[PDB]
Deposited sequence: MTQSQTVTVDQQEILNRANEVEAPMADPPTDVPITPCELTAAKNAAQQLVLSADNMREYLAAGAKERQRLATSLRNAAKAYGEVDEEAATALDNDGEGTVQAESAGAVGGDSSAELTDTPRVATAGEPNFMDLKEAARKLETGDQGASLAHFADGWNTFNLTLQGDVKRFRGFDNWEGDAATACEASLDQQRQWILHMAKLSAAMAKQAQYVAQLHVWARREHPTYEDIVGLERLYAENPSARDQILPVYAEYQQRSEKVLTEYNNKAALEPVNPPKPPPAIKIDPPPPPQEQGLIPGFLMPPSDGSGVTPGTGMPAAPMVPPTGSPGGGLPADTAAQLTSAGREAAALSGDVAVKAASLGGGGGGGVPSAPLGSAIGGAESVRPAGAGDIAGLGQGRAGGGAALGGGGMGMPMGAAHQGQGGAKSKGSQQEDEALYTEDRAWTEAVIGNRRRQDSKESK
């Protein structure tokens, strides 16, 4: 009718630990304020994800304890401002250039497939049928759907990190380089006779720079990834001693 050894094996398989989430620290792509705020937002989202994964591990431990109690119920168990322009270019180029975001996103994208790879422990029972088996299968299905949702959130956070890295690659491609602004400053200093000639160029260098930094403060504002807390396991009390 009911095989208790399957229940004990399923409890010891549910209680078994999953893989650890990655511990990569996403450093900022440059020294701009929007990039540092995006990197700190990714750090806080990763810490939130690890905290809720530990809470889900505790919920799986409580579910394994409830499965052991359900097994024990049956039987007996054992004028040109060149300074601001070249400062903006210098701040935009003095960083990791998104080489730590593409290593953060690869880890949190591999962890998505790692979390999807071991949802086999929440399968339904084979030889256990009854009214408690349906509730335990419902609890295991709730834990499985929560783990799949957490893997989806991990993939979304990896996509956010890749989006910030691609945005910094675009913002360093589009912005005028530091050495060109330094050369234009020496061209302005050496010969004032062309002050009516290179000043429309510099003004263009201003406007394009204002296009870049405005796009950086608008697009590198990440929304946080707050995960749902894990659903509570079923509480099956131990049977009273007769």
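Chemist: Counting from 1 along the deposited sequence, what's missing?
Modeler: According to the deposited record, C-alpha coordinates are absent for 1 to 7, 86 to 126, 291 to 460, which together make up the missing parts.
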